[PDB]
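Below are the chains, spelled out letter by letter.
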Amino acid sequence: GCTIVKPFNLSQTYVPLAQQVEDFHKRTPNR
Amino acid sequence: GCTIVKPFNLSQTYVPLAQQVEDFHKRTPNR
Amino acid sequence: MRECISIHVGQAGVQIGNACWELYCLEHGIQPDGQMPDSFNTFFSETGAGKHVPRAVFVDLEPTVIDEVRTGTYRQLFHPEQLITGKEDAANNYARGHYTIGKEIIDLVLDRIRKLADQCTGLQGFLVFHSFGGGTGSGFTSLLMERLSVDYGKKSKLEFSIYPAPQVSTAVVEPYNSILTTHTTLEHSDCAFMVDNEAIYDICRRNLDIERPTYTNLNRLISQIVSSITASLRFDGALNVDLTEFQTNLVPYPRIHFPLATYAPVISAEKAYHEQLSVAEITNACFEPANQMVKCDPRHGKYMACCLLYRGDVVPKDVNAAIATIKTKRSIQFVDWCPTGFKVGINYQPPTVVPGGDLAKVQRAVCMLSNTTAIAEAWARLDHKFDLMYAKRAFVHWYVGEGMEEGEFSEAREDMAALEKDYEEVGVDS
Amino acid sequence: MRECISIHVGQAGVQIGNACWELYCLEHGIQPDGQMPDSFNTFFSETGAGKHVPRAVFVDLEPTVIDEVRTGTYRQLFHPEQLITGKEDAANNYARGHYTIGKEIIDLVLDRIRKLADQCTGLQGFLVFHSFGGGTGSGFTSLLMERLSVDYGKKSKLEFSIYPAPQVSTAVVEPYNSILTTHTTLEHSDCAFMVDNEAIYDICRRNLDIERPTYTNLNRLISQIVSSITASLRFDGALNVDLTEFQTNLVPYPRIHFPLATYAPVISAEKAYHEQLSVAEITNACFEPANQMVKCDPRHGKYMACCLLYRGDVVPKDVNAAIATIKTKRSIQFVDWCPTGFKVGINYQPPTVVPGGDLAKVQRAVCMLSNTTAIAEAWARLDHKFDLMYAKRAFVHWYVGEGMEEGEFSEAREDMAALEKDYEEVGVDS
Amino acid sequence: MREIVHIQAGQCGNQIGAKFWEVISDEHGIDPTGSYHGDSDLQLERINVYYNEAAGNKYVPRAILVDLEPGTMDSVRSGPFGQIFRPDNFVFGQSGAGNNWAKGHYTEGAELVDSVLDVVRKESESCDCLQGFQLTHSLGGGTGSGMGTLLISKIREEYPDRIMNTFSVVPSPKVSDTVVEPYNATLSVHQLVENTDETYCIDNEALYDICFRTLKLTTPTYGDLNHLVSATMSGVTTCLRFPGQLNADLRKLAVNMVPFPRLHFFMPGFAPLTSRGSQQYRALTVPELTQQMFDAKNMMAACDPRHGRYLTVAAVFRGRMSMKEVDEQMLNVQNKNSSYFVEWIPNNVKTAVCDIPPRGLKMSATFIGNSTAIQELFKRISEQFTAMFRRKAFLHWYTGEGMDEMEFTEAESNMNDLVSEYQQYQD
Amino acid sequence: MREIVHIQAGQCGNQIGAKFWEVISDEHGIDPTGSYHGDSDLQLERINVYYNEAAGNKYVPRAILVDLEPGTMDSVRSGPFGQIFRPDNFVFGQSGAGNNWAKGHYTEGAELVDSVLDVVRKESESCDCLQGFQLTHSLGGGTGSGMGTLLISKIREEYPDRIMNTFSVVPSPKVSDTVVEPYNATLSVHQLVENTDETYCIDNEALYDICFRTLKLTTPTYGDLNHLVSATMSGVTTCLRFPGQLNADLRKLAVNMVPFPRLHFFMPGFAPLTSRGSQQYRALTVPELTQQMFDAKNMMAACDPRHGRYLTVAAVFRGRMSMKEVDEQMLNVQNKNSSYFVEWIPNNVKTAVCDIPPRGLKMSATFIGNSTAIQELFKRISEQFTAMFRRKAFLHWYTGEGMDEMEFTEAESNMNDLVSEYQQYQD
Ligand SMILES: Nc1nc2c(ncn2[C@@H]2O[C@H](COP(=O)(O)CP(=O)(O)OP(=O)(O)O)[C@@H](O)[C@H]2O)c(=O)[nH]1
Ligand SMILES: Nc1nc2c(ncn2[C@@H]2O[C@H](COP(=O)(O)CP(=O)(O)OP(=O)(O)O)[C@@H](O)[C@H]2O)c(=O)[nH]1
Ligand SMILES: Nc1nc2c(ncn2[C@@H]2O[C@H](COP(=O)(O)OP(=O)(O)OP(=O)(O)O)[C@@H](O)[C@H]2O)c(=O)[nH]1
Ligand SMILES: Nc1nc2c(ncn2[C@@H]2O[C@H](COP(=O)(O)OP(=O)(O)OP(=O)(O)O)[C@@H](O)[C@H]2O)c(=O)[nH]1
Ligand SMILES: [Mg+2]
Ligand SMILES: [Mg+2]
Ligand SMILES: [Mg+2]
Ligand SMILES: [Mg+2]
């Protein structure tokens, strides 16, 4: 009918400056 | 009427890779 | 965009890196002075007019290896500030690398990295080259990786490591360093390609007909693997694999990120003429134990995922055929929880060959990256080696002297035990 | 497709093989460097552009004979990896061949064979060349044959063997080796063509007018027979015989797979001009004891089946006539359980002749492969020879030293006794 | 007057899309610059179905090109016909989706999609009477599958009364190029079930078989495969683009072929198909075309029609043909092959005829079959999904994009239900 | 309108088949390209009996070429007329059968045969009213014999109401080229007895005799032999292909020649036959043709008709001839040779006349005799089989292909029964 999962037991921000600059221009405003 | 047999008493898988490849193409499916 | 930043740590890292940069230059037509008489931008920044600079940082705690680079053929390729050198090495001591000596240089290197990264507009991530056995390659790299993980966070980090051999070991304390670095490698690395010098030597002797292969021979081969990995970013073909893509395909569970790399065909100029090196053939050769970059037996392990990265005169159909053939080979077993374990990349550019290199020029090549349980055997032998020495506390005092605590060793060993156990578990069928 | 793989084992096997490969090259117009300025594919793989490589593996436990090939005229014809050589020979000791020395090289040769076979898409089977008397030719071949039988199973194996002479024997221990190899030959070989050096020598002196025939003379002749067998695959004519076909026709019972080969006409340039070598004549000459490749008397035996393989300017009608004539000759008797004992092949290509060879160029030739009870006489003499030496246990200690057991000898002798008895039985009329 | 809006999502979608556009421009006499250089007035009569008319005797595809990677866009623009497309209709990300349906559907794709929506709204406004949408993509990757599905949902929300058509290339296990395909397909199939009105199941495996076996093509490329798909696509909308004797558009086809809402997954076929050598030994006639079309070897989905029953078939004929002949041949096929047709839908075959044949041929045929055998395709996929999902293999990546296990469970259930439904009507 | 479907199996079958096709194309004015370049409207009137009409004024043989070896196919394709055949009608294996009936009937042939069946079904569909099948082969090998027989069985199962004709070249002991011939012949003969409606017994020995003795041909080739066979084949179906004064097709011939179901093994003959030197010293007349035809030396089976009795003879005449003359000559032969004709079938001779003579001749004749002397042929074969089977010689090979001894016993019994039956009616 449906799948049943039994999982085995295992052992358990910056942005670039150039990119930022680019975003300043090519980011579309909400408008 | 019919033959009768009396037999004298005597002392008593791999496939090539290229071939396989070929089969993969030129084998016709069941369809 | 799509830049990758390369970090070369310690002697081994530096020397591999040299080879890599030689290869990249040849591939993009960049001369040793940075001039080029586009895709090269993935590896190079471009400045002003007729100048290209590698997106790379070279670090060692001693000056000797880097000093060669400064004096040598590619002195104009790198700007001086990207070649970072201390005064005293880590002396095969993880503690010195991570703490005593490393704490003096780490900030500086991080700053430079940040500067480099600011120049790149589509950072894919980092390629980190280092040995597991050396004090710098272990201790410093571990430290560096932590810091990078903190600062950058979700950026992909890929580390290429010269893992120590079973027999052919050059230093005594190697198992200690290896164990200690592994602990940190687990949490801060997204994918780790282990490589074994002994295996490379065997390959050079058997496949390339070289009586006496030296480190220069190994490094060249190693660079080729890296090129195959990054060719999908530096060129374009019929089927493409990005780094994130690769990670998605090749890594089934977070900790199980240790694929084995293998390259095909590795042949001599004269030996190659006679051979009819077809797609099927090279693919088949990938899954053979003799061509492996780590000493271990795949026949005794199970495959979880393989990425096949083809380059040159290759079409999808024949790759598919090869994959089908591989499927029908009983001696190559895949785990039952992976009904298809093949990610496939195909790139149009044939492998370019370094003038004076050991490898012959071929129309097609392949780099297979496969996650097999068999690699756990290496860890087992290393662990065993560690356990003997630790039984007597041999050399331990040195580490303690440089600020390391005994409890750390035990912790590290435990971590590796747990990892081996995890690897065992994934193996078993239901 | 329709490939045949040739395996050349030990000195004798190597030397016959050299001749064979010289002949094949000449037949297909392949130069000694692999270049050819189609059917040749049955014997050659083709690589890239202007290169053809023999579908062959050359094996010896000592380097000397193969080393000649490496240095010599056809060094470029074979790729180095197809020429396999150990360090120490089997020293006329079956045990050393099969066990002590052979176990070191067998795996490697098998691997290479597998690689070779993977390249072929319509494998017909194997041609195995070796002596019965040498330690490598016996012990190694026996081992190899077993392994091949295991791996490949239902593939046809054809072995061409230099069986030891009654008088002209070069080594002392020959009968031991011969007996031991025969045991294994029985179970793992589908068809075996025995050949006797003494007979060849007689032929060379009597038919070719050669005062002093050497091994090079024998080998050339031997190669011709092989060519006749495989011409049906390498060319096409009016009537064709495949290997399976041949087996079906020539082999009445599983163990009775020992046909005698004979070739006609074998003549000198000057002697041939005068003779009017018709189809009928050559056919008649086939069934004469003086032109046999094994020393023995067919007049004292009975024919069970003969394959006649004609080549060159030949038409069916005259072959039929010849067969009819043969039927009416009282001195050539066929068993009563075979009302027609003739399989006939006719191929359009005349035999090509090696420059500087002993044989004259003819418009037509024939190779007869006939299963006659008369060959049992050879076995009888060999058995007798064996029995004397074994009576004193002469040389036995050597074999034991290399891991052989005395019981094996007895077993082998018994097997041969049983075989001789079987051969006797088939002979008798009802 | 009945404009169709075309959308291409992800690499496969883009590439097939490009092929489609190339063929269609040729058909309508449009060159690589957008200028009409055809012969017949029929080529321009209904040009507005696929093209917007720009200033100075030029035509521009009503096409939107979408991808999370710009490489694909570059490849398209650099192609033969690349310059015909509106520059503002290329909507691309920079990152890619890494074969992750979640990235395409919830994350990167989510960020991207509003631009696409804006474009398509404008494209809708431009058209006087938009009959609906055609989306080309694959179900096995991340962009085409996740982003594509998302886009479909958005579109349907805004245009609930318009016809929603997809040409979906499904992952097969023979030609299995990726690891997570089962997941991506499963997730996307579910979404398709609720939001598309007709879905053409295109299979790479079947295409390869066609190329190798029927076309005798030693080395097929993706381009060659794509060509087949393009032909099929062209076939469906021939009735919208040209005159004819009996005409059926996208709606008429759907109404005749879909008896229950969910059962809208077609196995397409195209006829004729011949090798270059075997072209001279054939008959250019309707019985031959018919023969070709109903054959299992000419279906573009890897399913044996003899393993199920046909609910409906729609056949679209192009060229000058006798209606009587067509009617006889279609009745013959249903009478002779009675056992492969469901018995509770009399006259299982719908016919449409367009007088204008494709270039190079005097007659051609396009076949759309709704067969219960399509369940085979879904079943395999389901099995593969199960194999992975049972061990939660690769799930962590998807969960990192905000997905929960429960969604997987739902999708799987849904697909199973669909399969069951098909079986029910098969009987 | 009365299409015949031609099948060629194994080397001999193929080669004779090729010859047959060559002659027939010449007869019907078809060149090596498939184009009609004849003079008379009669040449095209019934062209559909043997040829399918392709696009652009071309004709293609309704011929299927079958072999377990591709070499034969290659040889055919490379021959003069090789290019006329449909490429899709070549159905070939790669291995060969190695003169083993079991490989042809149960193993390799089994694997092969479904393709062949598919082809022939299509070929049947193409024809408006297929009257039946003609198979050319030999009984002594593996393919033609084992595979051929298998194919026949399959065909008859699907077309039980169609006429099933074979041109079977039998192994003779004089011209004995193989060892296991007796086995292969025995096994195949049995199968033929139950599943063919008429079988033309062609013997290589007889052909050689004809060539040497009658045609004065110093060096006959298989080609020359084949020519004779081809002529005979052409003769039988002349009434289907042309007009005439009295017409008999394949069915009419069978009904008149076969009084009991099993007795359908013909000894064929063809007249006239002359040397090049001896051609000028002869009379082109019906009495001469008649004289030639009934002679033992002109029969294509190595049997003396004077060692048995004729059950029936069918004579097929081609050319402009007097019916009266034909009737007188046929009555004369039966009155004069009373003792060689069974007395309980009055007027043992059936006559058919076609107005169109073959090329090069003004008149020709084809003779089909059902003689009880054919038992001689079977008896020899039986004897040879016994000689081998008594010692179980070469049986192991056959058993390796799945065959049992019991089958051999059965076949032998069956053949013996057939022989007995012929003897019975001989009296
Ligand atoms: N028939 C065709 N199949 C294709 C083509 N290109 C790719 N594919 C197939 O589709 C699958 C790969 O899909 P894609 O490259 O489209 C995945 P997409 O780019 O849409 O999203 P990403 O996950 O962001 O890459 C796989 O089965 C390929 O073998 C094509 O041009 N034709
Ligand atoms: N009258 C003719 N007889 C032939 C011809 N070719 C072969 N033969 C005869 O037929 C017998 C050999 O038969 P085949 O080559 O046809 C056996 P086939 O290829 O059908 O099966 P295999 O056993 O797989 O070879 C033998 O008596 C030949 O002498 C031919 O062109 N004409
Ligand atoms: N493949 C390869 N391995 C190398 C090379 N140089 C050193 N190694 C290996 O690296 C390990 C030694 O570590 P190094 O990198 O020399 O040491 P380090 O990182 O400089 O650390 P310290 O000198 O202790 O500060 C050993 O396993 C060496 O075999 C090289 O050029 N190529
Ligand atoms: N016809 C022929 N016979 C040969 C040739 N060389 C050796 N012999 C015969 O082969 C037998 C000796 O066996 P070899 O092949 O020399 O020995 P081997 O196989 O190398 O075995 P070991 O040297 O004992 O390892 C003798 O009967 C020789 O007469 C040759 O070139 N032609
Ligand atoms: Mg150092
Ligand atoms: Mg030796
Ligand atoms: Mg993509
Ligand atoms: Mg044959």
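Residues numbered from 1 in each chain as written, not as in the entry; some residues may be left out. Chains lettered and ligands numbered in written order. Part of a larger assembly, values for the part shown. Heavy atoms only, no water. Residues with missing side-chain atoms left out of burial classes, pairs and counts.

Structure determination for the deposited model, as stated in its record, used cryo-EM, and the stated resolution is 3.30 Å.

**Structural notes on the packing of helix α1 (residues 10-28) of chain C against helix α2 (residues 64-71) of chain C**
Residues and elements named next belong to chain C. Where α1 meets α2, the axes come as close as 9 Å, and the angle between the chain directions of the two elements is 25 degrees. Overall, the two elements α1 and α2 adopt an arrangement that is roughly parallel. Here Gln 11, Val 14, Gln 15 and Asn 18 of α1 lie close against α2, whose contacting residues are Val 65, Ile 66 and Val 69. The residue inventory of the contact of α1 with α2, partitioned by class, reads 4 nonpolar, 3 polar and no charged. (Axes fitted to C-alpha atoms, helices over the stretch in contact; angles between N-to-C directions. Helix = DSSP H or I, 4+ residues; strand = E, 2+ residues; numbered from the N terminus. Parallel < 35°, antiparallel > 145°, perpendicular 65-115°, else oblique. Contact = heavy atoms within 4.5 Å. Nonpolar A, V, L, I, M, F, W, Y, C, P; charged D, E, K, R; others polar.)

**Things to note about the sheet that holds strand β8 (residues 191-196) of chain C**
All names here are of chain C. Spatial ordering of the open sheet is given by β5-β4-β1-β6-β7-β8, a layout of 6 strands whose pairing is parallel. Single-partner strands in this sheet number two, and they are β5 (83-85) and β8. Each strand axis lies, on average, 15 degrees off the axis of its neighbour in the sheet, ignoring direction. Direction of pairing for strand β1 (residues 4-9) relative to strand β6 (residues 125-131): parallel, over a ladder of 5 bridges. By the bridge assignment, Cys 4 is partnered in β6 with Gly 125. (Pairing = 2+ DSSP bridges.)

**Observations regarding the interface of chain C and chain E**
Accessible area lost upon the coming together of the parts is a frequently used measure of interface size. With 28 residues of chain C in contact, the opposing surface of chain E contributes 28 residues. When chain C packs against chain E, the two sides together hide about 2600 Å² of surface, and 53% of this comes from carbon and sulfur. Taken as a group, C:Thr248, C:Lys317 and C:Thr340 account for 22% of the area that chain C buries against chain E, more than any other trio of residues on that side. One salt bridge connects E:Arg390 with C:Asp336, and the closest N-O pair in it is separated by 3.2 Å. At the boundary of chain C with chain E, the tally comes to 10 residue pairs in polar contact. Elements supplying a minimum of two residues to the side of chain C that touches chain E: α9 (243-250), α12 (316-328) and β11 (342-347) of chain C. When residues in the side of chain C that touches chain E are grouped by element, the largest group, 5 residues, is from α9(C). A class-by-class count of the residues in the side of chain C that touches chain E yields 13 nonpolar, 8 polar and 7 charged. (Buried area = accessible area lost by both parts, 1.4 Å probe. Salt bridge = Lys/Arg side-chain N within 4 Å of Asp/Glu carboxyl O. Polar contact = N/O pair within 3.5 Å; in protein donor to acceptor, adjacent residues only side chain to side chain.)

**Regarding unusual backbone geometry**
Residue D:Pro265 follows D:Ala264 across a cis peptide bond; omega there is -5 degrees. Structurally, D:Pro265 can be placed in the loop between β9 (260-264) and α10 (269-274). Residue F:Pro272 follows F:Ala271 across a cis peptide bond; omega there is 0 degrees. With respect to the element layout, F:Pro272 can be found in the loop between β10 (265-271) and α11 (286-294). Look at E:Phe81: it is not a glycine, yet its phi comes out positive at around 95 degrees.

**Points about the interface of chain F and chain E**
Listed per partner, the contact involves 11 residues of chain F and 8 residues of chain E. Taking both sides of the interface into account, the surface hidden between chain F and chain E amounts to around 750 Å²; carbon and sulfur atoms contribute 47%. Of all residues in chain F, F:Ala55, F:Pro87 and F:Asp88 bury the most surface against chain E, accounting for 42% of the area lost on that side. Along the contact surface separating chain F from chain E lie 2 salt bridges. Note that F:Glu125 is salt-bridged to E:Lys336, the shortest N-O span being 3.2 Å. Across the chain F-chain E interface, the total number found is 5 residue pairs in polar contact. Among the residues making up the side of chain F that touches chain E, the classes are represented as 6 nonpolar, 1 polar and 4 charged.

**Some thoughts on the site of ligand 3**
All names here are of chain C. The environment of ligand 3 is formed by 20 residues, the closest being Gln 15, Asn 92, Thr 136, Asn 197 and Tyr 215. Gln 15 places a side-chain nitrogen or oxygen 2.6 Å from an oxygen atom of ligand 3. Across the complex, the protein chains shield 90% of the 660 Å² of accessible surface that ligand 3 would expose by itself. Listed by contribution, the elements that provide at least two residues to the shell around ligand 3 are α1, α5 (135-152) and α8 (215-234). Of the residues assigned to the shell around ligand 3, the class counts are 6 nonpolar, 12 polar and 2 charged. (Near = heavy atom within 4 Å. Areas by Shrake-Rupley, 256 points an atom, 1.4 Å probe, with all protein chains shown as cover.)

**Considering the packing of aromatic side chains**
The description of an aromatic ring pair rests on the distance of the ring centres and on the angle between the ring planes. Per the counting criterion, the structure on display carries 104 aromatic pairs over all chains. Pairing C:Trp21 with C:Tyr24 gives two aromatic rings, centres 4.9 Å apart and planes at 80 degrees, and the pair type is edge-to-face. Taken together, the residues C:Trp21 and C:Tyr24, both in helix α1 and 3 residues apart, mark about one turn of the helix. Relative accessible area serves as the criterion here: at 1%, C:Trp21 is assigned to the buried category. A relative accessible area of 1% means that C:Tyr24 is categorised as buried. Residues C:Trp21 and C:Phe44 carry aromatic rings whose centres are separated by 5.4 Å and whose planes lie at 85 degrees to one another, so their mutual orientation is edge-to-face. Pair check on accessibility: C:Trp21 and C:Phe44 agree, each one buried. Here the aromatic residues C:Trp21, C:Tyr24, C:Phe43, C:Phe44, C:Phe58 and C:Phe78 are joined through ring pairs into a cluster of three or more. The ring centre of C:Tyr390 lies 3.7 Å from the NZ or CZ of C:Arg393, which sits over that ring. Above the ring of F:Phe90, the side-chain terminus of F:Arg77 is found at 4.4 Å from the ring centroid. (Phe/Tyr/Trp six-rings, centres within 6.5 Å; stacked < 30°, edge-to-face > 60°. Buried < 20%, exposed > 50% of the residue type's maximum accessible area, 1.4 Å probe, protein only. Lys NZ or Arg CZ within 6 Å of the ring centre and 35° of its normal.)

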